[PDB]
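Okay, so here's the structure we're looking at.
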Amino acid sequence: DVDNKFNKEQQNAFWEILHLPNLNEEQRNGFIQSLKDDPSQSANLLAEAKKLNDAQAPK
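Quick note: the sequence shown uses PDB author numbering, first residue 1, plus one each step.
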């Protein structure tokens, strides 16, 4: 399910997903599902989100 307790650093990652202006809301969900599989690896996930933004290249 969902862990009532969270790490403050983890919260930072959640906001970055929201920031991605280039990406629509559905893409953001994809990161969340990954987070559930490996909460310890959320840091690893943090690096991946920035990379995806480049690919959309709305400009």
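Cβ coordinates follow ideal geometry from the N, Cα and C atoms, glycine included.
- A49 is classed as buried because its beta carbon has at least 16 other beta carbons within 10 Å across all chains shown.
- DSSP, reduced to helix, strand and coil, places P39 within a helical segment of the structure shown.
- Secondary structure of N44 (DSSP, three-state): helix.
- With fewer than 16 neighbouring CB atoms inside 10 Å of its own CB, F6 falls in the exposed class.
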